[PDB]
Amino acid sequence: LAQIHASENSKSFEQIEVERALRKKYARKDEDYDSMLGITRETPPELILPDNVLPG
Amino acid sequence: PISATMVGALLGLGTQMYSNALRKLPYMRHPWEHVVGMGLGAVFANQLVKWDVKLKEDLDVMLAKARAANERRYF
Amino acid sequence: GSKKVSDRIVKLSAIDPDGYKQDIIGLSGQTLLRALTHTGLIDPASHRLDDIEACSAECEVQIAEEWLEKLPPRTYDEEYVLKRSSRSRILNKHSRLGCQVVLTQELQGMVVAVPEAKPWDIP
Amino acid sequence: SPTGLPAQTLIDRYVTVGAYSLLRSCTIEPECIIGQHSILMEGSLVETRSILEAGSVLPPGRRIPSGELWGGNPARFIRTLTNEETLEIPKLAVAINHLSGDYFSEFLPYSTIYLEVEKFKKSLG
Amino acid sequence: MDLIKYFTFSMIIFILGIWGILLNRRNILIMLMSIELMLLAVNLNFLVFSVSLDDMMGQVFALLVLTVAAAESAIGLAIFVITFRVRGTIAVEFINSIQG
Amino acid sequence: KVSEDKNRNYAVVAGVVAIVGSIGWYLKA
Amino acid sequence: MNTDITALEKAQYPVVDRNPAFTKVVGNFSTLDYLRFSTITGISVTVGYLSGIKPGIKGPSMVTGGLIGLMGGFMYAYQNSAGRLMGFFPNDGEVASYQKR
Amino acid sequence: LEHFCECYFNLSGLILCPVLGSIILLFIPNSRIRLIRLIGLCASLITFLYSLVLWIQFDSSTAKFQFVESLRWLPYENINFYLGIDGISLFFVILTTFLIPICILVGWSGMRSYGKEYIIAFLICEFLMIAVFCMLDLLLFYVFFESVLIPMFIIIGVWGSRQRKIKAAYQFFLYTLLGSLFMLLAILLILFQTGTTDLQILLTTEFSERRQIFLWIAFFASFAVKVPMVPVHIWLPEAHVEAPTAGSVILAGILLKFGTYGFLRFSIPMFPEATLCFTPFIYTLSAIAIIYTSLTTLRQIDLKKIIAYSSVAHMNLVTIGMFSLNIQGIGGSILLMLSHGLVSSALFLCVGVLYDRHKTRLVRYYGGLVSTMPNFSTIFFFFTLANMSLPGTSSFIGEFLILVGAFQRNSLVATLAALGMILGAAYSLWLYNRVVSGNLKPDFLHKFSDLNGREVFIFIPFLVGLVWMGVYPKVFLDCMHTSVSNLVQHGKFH
Amino acid sequence: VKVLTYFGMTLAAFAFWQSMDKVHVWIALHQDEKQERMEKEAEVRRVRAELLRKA
Amino acid sequence: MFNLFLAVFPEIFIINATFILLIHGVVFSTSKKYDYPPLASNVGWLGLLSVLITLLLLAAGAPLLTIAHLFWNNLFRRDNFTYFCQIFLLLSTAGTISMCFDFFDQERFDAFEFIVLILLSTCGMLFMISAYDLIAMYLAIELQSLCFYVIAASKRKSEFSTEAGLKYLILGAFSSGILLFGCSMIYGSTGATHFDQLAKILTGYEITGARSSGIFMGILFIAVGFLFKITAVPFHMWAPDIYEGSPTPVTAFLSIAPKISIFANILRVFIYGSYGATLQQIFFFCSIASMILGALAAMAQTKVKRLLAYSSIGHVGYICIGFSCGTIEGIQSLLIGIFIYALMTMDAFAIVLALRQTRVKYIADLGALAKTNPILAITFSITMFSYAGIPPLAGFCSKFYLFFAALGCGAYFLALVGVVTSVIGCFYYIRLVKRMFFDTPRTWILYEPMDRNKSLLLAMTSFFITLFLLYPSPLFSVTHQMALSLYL
Ligand SMILES: C/C=C/C(=O)SCCNC(=O)CCNC(=O)[C@H](O)C(C)(C)COP(=O)(O)OP(=O)(O)OC[C@H]1O[C@@H](n2cnc3c(N)ncnc32)[C@H](O)[C@@H]1OP(=O)(O)O
Ligand SMILES: [Fe+3]
C-alpha cells in the first residue's frame with residue numbers, strides 16, 4: 001500500500017494533469033461503438049494498480 | 001411602474017438562480033451570468049410585447065377578410 | 001460483547017444458473033435479495049429497493065417445497081408480478097420474489113435456486 | 001470482515017460521527033450518533049436509531065441493537081432510548097450540516113495560491 | 001370488364017397480405033413479407049389507375065413507392081438481423097419483454 | 001511573450017468578430 | 001423550364017428589380033448584410049472550436065463550423081439583399097440608387 | 001372599463017402581502033431559522049392589520065360592491081375581471097387574515113424541522129383564500145379555489161402525523177376536484193348564455209326556469225362537497241384528523257366556508273326560482289345530517305374525530321338558515337360561519353396541545369388532566385361550552401337566529417334542527433369529562449406540562465372573539481344587514 | 001407442396017375467378033333496379049320532408 | 001432561376017449542413033491520428049447550431065417563402081400556417097438536441113449518426129408540414145418514419161431497444177401500407193392527388209346518396225394511417241412499448257416533434273378538404289377511446305416512461321376533440337393544446353433525462369426526492385399539476401376547451417367522460433407528488449445533479465408553466481392567425 005501511495009503523492013503538476021485527463025477519458029465506455037469501429041480501447045498502464053494491492 | 005424591461009430582467013435573474021439551484025450550486029455562483037440573464041430577459045420581454053402588437057395588427061386584417069367573405073353570402 | 005452480528009447471521013446456499021452451489025450469508029430481518037446481492041449473485045444495480053413497486057422479478061428465486069412451507073404465502077401482487085414477468089406468462093409454483101422474503105433464524109440451511117437474469121436496464 | 005459480510009465502510013444518512021472517532025469496515029445504519037473518541041472495528045454494525053457514548057470501543061463483529069444507548073470500553077448496554085431522543089438524531093445531523101454551510105461559503109471555487117507560486121518563481125528567475 | 005379484373009388482382013394481393021398478418025403470429029419474417037405484398041398491391045393500383053384515367057401521376061408515384069419499399073425492406077431486415085443476433089433466435093417468445 | 005497556439009488565436013479572433021459584429025448589427029438595425 | 005417568380009403575397013415596398021440576378025444581389029450587399037454574415041461565421045467558428053476541444057479536433061472542428069457558418073451567413077445576406085431589391089423588405093437605400101441611377 | 005378604487009387601502013395590497021412574503025422566503029437559507037420565522041410572522045400580522053383597516057373604511061349603508069377594483073387580462077379588454085367585497089364577505093377575509101398568523105404560531109417550536117416550506121405553504125394558502133373571498137367573477141372564483149388544493153395537499157401529506165395521511169390527502173384532493181369540475185361545467189353553461197361570467201352582470205340577467213334548475217344542480221354538487229353535506233361528507237373526517245394542527249385549523253375554519261359562501265354569493269341570488277323549488281330538498285339533507293352525524297359523533301373514540309365530526313353538524317345548520325331566506329336566517333348563517341371558524345379552530349388547538357406532548361388521540365388514554373393541566377382544562381371547558389351554543393358565547397347567536405329564521409318558514413325543520421341542542425351537548429360534555437375529569441392513569445401517562453406562554457397567547461384572541469360576538473353581536477350585524485337585506489330581496493319586486 | 005397439388009390449386013383458383021366474372025356480370029345487370037330503388041327512396045324522403053316542413 | 005429557390009433556402013441549408021456533419025463525423029471518427037474520438041457531442045453542438053441557423057433563415061424570410069408559388073405549386077405550398085408550424089418544429093428539435101449532451105458523455109453513446117438521423121427526420125417533418133399533395137405527404141412521412149425506426153434501435157445490443165425497433169418497424173410499415181392504399185383509392189376515384197384539385201372535386205356533395213365508395217374508403221384508410229401516427233386508440237399499442245424501449249432522448253424526440261408535423265398534415269388534408277361528418281365521427285370516437293384507455297392504463301403503470309406514454313395518449317385524445325368539432329375555435333384550441341403539451345413534455349423529459357444519470361426506472365425511485373433535491377421535486381410537481389390540469393397552471397387550457405366544446409357542440413357523454421378521466425388523471429399524477437413528498441422509504445436513491453443545458457431549459461419551461469396564463473395573448477393571437485390561414 002505504501003508503494004502506490006508514494007507513487008501518487010510524488011507526481012508533478014504536468015503528470016497530475018495528464019492522468020486527470022486520462023481518468024476522465026476512460027471513466028466510461030461504449031464498447032459497442034468500438035466494435036462497430038473495429039477497435040479495442042485499453043486502459044493505460046498509469047491507471048492500473050499493481051496486483052499486490054487488489055482484493056483478489 | 002411595471003414595465004416589460006423590468007419584468008424581463010427579473011425573470012432572467014430568476015432563471016439563472018433557478019438554474020444554479022437545480023444544479024445544487026450556490027445562487028450567485030457565476031454573477032456575470034446573472035448580469036447576462038437579466039439583459040437577455042429584458043430583451044426577450046420587449047421583443048415579446050412588440051411581437052404581440054404586430055400579431056394583433058395582422059389578425060385584425062385577416063379577420064376583416066374573413067368577415068368580408070362571410071358577408072358575401074348574403075348578396 | 002453480548003450482542004454480535006453473528007447472532008443475526010443466517011446461513012444459506014444458492015444454486016446458480018450454471019448449477020454450482022454456493023454458501024452465502026445474510027442477516028435475519030433483511031431480505032433474501034440483499035443476501036444474494038452481497039456476493040453479486042444478483043446484481044445490486046438491477047434491484048436497488050426492497051419494494052414490490054420497484055420490482056420486475058429481477059429478484060426472482062426458485063425454492064424447493066420443504067422451504068416454501070416455512071415462508072409466508074405469496075400475496076396477490078407477488079404472483080401478479082411473477083406471472084407477468086415470466087417469458088411464457090406462466091406462474092411458477094416454486095417461484096418467489098426475493099425482495100419479499102425476509103430472512104429468519106428458521107430459514108437456516110435453506111437452498112435457493114437463482115435463475116438466469118432477465119434484462120432490466122431500460123434505455 | 002471476520003463476519004464474512006462485505007467489508008466496505010458504510011456511513012448511512014443522518015449519521016453524526018463524533019470527533020476523534022476511528023472507523024474501519026463498520027456499518028452505521030441511518031439516524032445514529034457516535035460519541036467523540038469512539039472506536040468501531042472490523043465488521044461491526046450499529047443499527048438504526050442508536051447512540052454510542054463518548055469513548056466507546058466496539059470490538060470486531062459486535063453489534064449495537066436499534067433504539068438503545070451503549071457506551072464503555074468495551075461498549076455495554078446502558079438503557080433504551082425514548083422516542084423523542086430518537087427523533088432528536090436527524091435534527092442534530094441537520095444542524096451540523098447548517099453549520100458546515102457557513103464554512104462552505106468561505107471558499108471560492110479557486111484559490112489564489114497560484115499567484116504566490118508565480119511570484120515565487122519570478123523572484124527565482 | 002378489364003378494369004375490375006385488374007383491380008381484383010391487386011385486391012387479392014392486398015387480402016393475402018392481410019391474411020399473412022393474421023395467420024403468422026409466430027413468424028415475424030412472413031409478417032414482413034405480407035407487408036411487402038400489401039405495398040406491391042398498392043403500387044399496381046397506381047399503375048392500373050394511371051392507365052385507366054390516361055394520367056401520368058400514377059406512374060411517378062409508382063416509381064417513388066418502389067424506392068420506399070426498397071428502403072423499408074433494407075432497414076426492416078437490418079432490425080431483424082440485430083434482434084436475432086441479440087437473442088440467438090427469432091421466436092416471438094423472446095421479443096415480448098416490453099409489456100403492460 | 002507570445003501566445004503560440006495558433007488555433008486558439010484564430011478562435012479568439014472569431015469570438016471577437018462575433019461580439020463586434022453583434023454590436024454593429026444591433027447599432028445598425 | 002417555364003419559371004415564374006410571382007409571389008403569393010405582394011411586395012409592400014417599391015420593387016427595384018422583380019428578379020435580380022445573382023451577381024446583382026451580391027453587389028447589393030450593405031454593411032448590415034456583411035455584419036450579419038460576419039457575426040454568423042464568427043459564432044459558428046467559435047462553436048466549432050469550443051465543441052471540438054474534448055474530442056481533440058478543435059482545428060478541424062473550427063473548419064467545419066466555419067464552413068456551416070459561411071454557408072448560412074451568405075444565405076442570410078443574399079436573402080436580405082434580394083428581398084430588399086424585390087420590395088419584400090424595407091429598401092429605402094435600393095430605391096435611392098434606383099431614382100438616382 | 002377601469003374600476004380602480006380611490007381608497008389608499010385596497011384589496012390589491014392585501015393580496016400582494018403574503019405573495020411578497022413567500023417570494024422573499026424562497027431565497028433565505030434554511031440555516032437562518034430565526035429570520036424565516038420572524039419574516040413569516042410579521043408578514044401575516046401586517047396582513048391582519050391591513051384587513052382590520054379594510055373593516056374600518058367599510059360602508060354599511062350601501063348594497064353596491066365596495067372597494068371595487070378591476071384587473072385587465074387581455075389588451076382586447078373583452079375579458080376583464082373585478083375585485084370587491086360586501087357585508088357578506090368582509091368578515092371572512094378578516095377571519096382568514098386572523099387565522100393564518102395563528103397557524104404560523106402553532107408550529108413555532110417545530111419550525112427547525114418544518115422550514116421555510118411550512119411558512120411558504122401557509123402564506124400561499126392565505127393569498128389564494130383571500131383572493132377567493134374577494135372575487136366578483138365565477139371563473140376566477142373557480143381558478144383560485146381549485147388552486148388552494150395544491151398547498152393543502154402538501155400540508156396534509158408532508159406534516160401529517162401518521163401514514164393514514166396518504167389516504168386522507170388522496171380523498172381530500174379527489175372529492176374537491178370532482179366538485180370543482182362540476183362547478184366548471186356550470187360556469188361554461190352560464191357563459192354560453194351570457195357571453196360573460198361577471199357577477200354584477202349575471203345578477204341582472206334572467207335565467208329560464210328549466211335552466212335555473214339545471215344550473216342550480218351543478219352549483220349544488222360543487223358546494224355540497226365543500227359544506228359538507230350527506231353523503232359526500234366522509235372525506236372530511238380523515239382529512240381533518242390526519243392533517244397537522246395548523247392544517248386542521250385552516251381546513252375547518254376557512255376551507256369549509258367556501259361552499260356555504262358559494263351558496264350565498266352565487267346559487268341563492270342568481271337562481272331565485274330554483275332556490276325555492278329546492279328548499280325542501282335542502283331542508284331534508286341538512287336535517288338528516290345534523291341528526292345522523294351528531295349521533296355518530298357520540299360514538300367516536302378519537303379526540304380529533306369527535307371535533308371534526310362536530311363541524312358537519314354545525315355547517316348543515318348553517319345551510320338551513322341561509323335557505324330560510326329571511327334576515328334572521330341569513331344573518332344567523334353568516335354569524336355561525338364566523339363563530340364556527342373560531343370555536344372549531346380553538347378546539348383543534350386544544351387537541352393539538354395534548355397531541356404535541358403525548359402523541360395520542362385516543363380518548364381512553366387521557367383522563368384526570370384537571371389535576372395536572374388546570375389552565376388547559378379551564379380553556380378547554382370554555383371552548384367546549386362554545387361548541388354547545390351556550391348563551392353568552394358567539395355560537396349561540398348564530399344558532400338561535402337561524403332557528404328563528406327556520407321557524408317562520410317551516411316549523412318541522414326548525415324542530416329537527418333544534419335537536420342539535422340535545423345531541424351537541426351530549427358529546428361535547430362527554431368528551432370534556434373523559435379527557436379532563438376523573439383520575440389520572442399513570443400506566444399510560446405520568447408526565448405533564450400545562451400551557452406555556454406561547455400557547456396561552458394563542459388562545460387569548462379566540463377567547464376575546466367568542467365573548468365579544470356572544471354578548472355584543474351588533475358590530476357584526478350592523479355591517480351585514482344591508483347586504484343581507486338585498487340578498488333576500490333579490491329576484492322579487494314586492 | 002407437390003407440383004400436382006400446386007396445379008390443382010391453380011385450377012381451383014381459375015374456377016373461382018370465372019365465378020367472380022359471373023358475379024360482376026350479375027352486379028352490372030342490376031344497376032337499373034338499384035337506381036330505381038334509390039330514386040323511389042329519395043322521393044319518399046323528400047315527400048316526408050316537404051310534408052314535415054309544412055308545419 | 002436562382003431566386004426561385006428562395007422558397008427553399010431553409011431546407012437547402014439544413015440538408016447541406018447535415019451532409020457536412022456526416023462527412024466531418026465519418027472522417028474524424030475513423031482517424032487513428034486522433035485516437036478515434038467520440039463525436040456525438042461535437043456533431044450535436046454543430047447540429048444545434050445548424051438548426052438555429054435554419055430557424056433564423058426561415059423566421060426572417062417570412063414573405064420570401066411564398067415566392068414563385070406557381071412554379072413550386074405542384075411540389076408544396078408555404079403559407080402562414082406552415083410558417084409557424086415549421087418554426088415550432090425547429091424549436092422543438094433544438095430543445096431535444098440540447099437535452100442530449102449528458103446522455104452522450106456519461107452513457108458514452110458515441111454515435112454521431114444519431115444526430116444526423118435526427119437532422120434528416122427534421123428535414124422530413126419540414127417537408128411534411130408544407131406537403132400539399134398525397135405523393136409528397138407520403139414521401140415525407142416515410143423519410144420521417146425510416147429515421148425513427150433506425151434511431152429507436154440505436155442501442156443495438158440491448159434487448160429492449162432491438163425489440164422496440166422491431167415492433168416499430170412492423171407496425172409502422174403496416175399502417176403506411178394502409179395509408180398508401182387510401183391514397184391509391186382516392187387517386188383512382190378522382191384522378192387527382194393535389195390538395196386543391198381534391199378540394200374542388202369533393203366540395204358540395206359529401207354523401208349525397210350517390211356516394212363514391214372509393215373516395216369514402218380512401219378517406220377511411222388515410223385516416224387510419226393518421227390515427228396510427230398520432231398514437232390514437234385503437235391504433236396506439238405500439239407507442240407505449242416503443243417509447244419505453246427506445247433510448248430516452250429518442251423517446252423525448254418522438255413524444256413532441258412528429259405530432260406537430262402530422263397534425264399539420266391532418267388539418268391541411270381534411271379541414272382544407274371536404275367530406276361528411278364521417279371523419280369527424282372517426283376522430284370523436286377515437287378521442288373518447290383514447291381518453292378512457294390512456295387514463296386507465298396510466299393508472300396501472302409503475303414505471304415513469306410508460307406513465308408518460310399513456311399520458312400522451314390521453315392528451316392526444318383531448319386534442320383531437322378540438323379537431324372533431326369543426327370550428328375555427330376548435331382548430332385554435334387544438335394548436336394551443338399542442339403547443340402547451342409540447343412545452344410540458346419537454347419539461348418532463350428534461351427531468352427524466354436528468355434523473356437517468358442515476359438510472360431512474362420506477363416511480364418508487366423518486367422516494368425522498370423532496371429531501372435530496374428540494375427545488376427539483378417542486379419543479380417536477382409543478383409539471384405534474386400542470387399535467388393534471390389544475391389552474392392557474394398552463395395545462396388547464398386543454399381541460400377548459402375540452403369542456404367548452406362539449407357543452408357547445410351539445411355533447412354530455414363527452415363531458416362525463418372528460419370529468420371521470422380528468423379525476424383519474426389527477427390521481428395518478430399526484431401519486432408522483434405523494435411519492436416525492438409524503439413517503440419515507442427505508443432506502444433512498446441519491447441523484448446526480450443535472451447539467452446546465454437541462455437546468456436552463458427546465459427553469460424556462462417551469463416559468464412558462466406557472467405564468468403563461470398571466471400573459472397568454474401572443475399564443476392566442478398566433479393560433480387564431482394560423483387557424484384562418486388554413487381557409488383564407
Ligand atoms: C491489512 C492491515 C492490517 C492493519 O494494519 S490493522 C488496522 C487497525 N485495526 C486494529 O487495530 C484492530 C485491532 N483489533 C482489536 O483491538 C480487537 O479488539 C482484538 C483483536 C484485540 C480482540 O478482538 P476479538 O473479537 O477477538 O475479542 P475476544 O474474542 O478476545 O473477546 C474477549 C472479550 O474482550 C472484550 N472486548 C474484546 N476486545 C476488546 C478491547 N480492545 N477492549 C476492550 N474490550 C474488548 C469483550 O467483552 C470480549 O467478550 P465478547 O464481546 O463476549 O466476545
Ligand atoms: Fe423484487
# chains A, B, ... in the order shown; residues from 1 in each chain; ligands from 1
call {"tool": "closest_atom_pairs", "arguments": {"of": "chain A", "to": "segment 54-76 of chain G", "cutoff": "12 Å", "atoms": "only C-alpha atoms", "output": "CSV"}}
result
residue,atom,partner,partner_atom,distance
A:21,CA,G:54,CA,10.0
A:22,CA,G:54,CA,11.9
A:24,CA,G:54,CA,10.4
A:25,CA,G:54,CA,9.3
call {"tool": "interface_residues", "arguments": {"of": "chain J", "to": "chain E", "cutoff": "7 Å", "atoms": "only C-alpha atoms", "output": "ChimeraX atom specification"}}
result
/J:135,156-157,159-160,162-163,165-166,169-170,173-174,177,180-181,184,188,191,241
call {"tool": "residues_near_ligand", "arguments": {"ligand": "ligand 1", "cutoff": "8 Å", "atoms": "only C-alpha atoms and all ligand atoms", "output": "ChimeraX atom specification"}}
result
/C:1-4 /D:24,41-42,57-62,73-75
call {"tool": "atom_distance", "arguments": {"atom1": "atom CA of residue 213 of chain H", "atom2": "atom CA of residue 416 of chain H"}}
result
26.7 Å
call {"tool": "residues_near_ligand", "arguments": {"ligand": "ligand 2", "cutoff": "9 Å", "atoms": "only C-alpha atoms and all ligand atoms", "output": "ChimeraX atom specification"}}
result
/C:33,47,49-60,78,81,97-100
call {"tool": "write_last_selection", "arguments": {"atoms": "C-alpha atoms", "output": "PDB file, in the first residue's frame"}}
result
ATOM      1  CA  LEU C  33     -32.342 -10.276  -2.188  1.00  0.00           C
ATOM      2  CA  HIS C  47     -32.788  -4.186  -7.845  1.00  0.00           C
ATOM      3  CA  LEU C  49     -35.043  -1.064  -3.420  1.00  0.00           C
ATOM      4  CA  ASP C  50     -36.784  -3.796  -1.412  1.00  0.00           C
ATOM      5  CA  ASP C  51     -40.201  -2.571  -2.575  1.00  0.00           C
ATOM      6  CA  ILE C  52     -42.828  -4.505  -4.522  1.00  0.00           C
ATOM      7  CA  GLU C  53     -43.480  -1.346  -6.567  1.00  0.00           C
ATOM      8  CA  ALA C  54     -39.861  -1.331  -7.799  1.00  0.00           C
ATOM      9  CA  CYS C  55     -39.794  -4.985  -8.849  1.00  0.00           C
ATOM     10  CA  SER C  56     -39.910  -6.645 -12.268  1.00  0.00           C
ATOM     11  CA  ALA C  57     -38.970 -10.049 -10.811  1.00  0.00           C
ATOM     12  CA  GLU C  58     -35.261  -9.251 -11.075  1.00  0.00           C
ATOM     13  CA  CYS C  59     -35.123 -10.758  -7.565  1.00  0.00           C
ATOM     14  CA  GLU C  60     -36.957 -13.945  -8.576  1.00  0.00           C
ATOM     15  CA  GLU C  78     -46.218 -11.095  -5.932  1.00  0.00           C
ATOM     16  CA  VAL C  81     -45.503  -9.780 -10.903  1.00  0.00           C
ATOM     17  CA  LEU C  97     -39.839 -12.673  -5.185  1.00  0.00           C
ATOM     18  CA  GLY C  98     -36.559 -12.365  -3.305  1.00  0.00           C
ATOM     19  CA  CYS C  99     -37.354  -8.798  -2.258  1.00  0.00           C
ATOM     20  CA  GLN C 100     -40.415 -10.050  -0.338  1.00  0.00           C
TER      21      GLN C 100
END
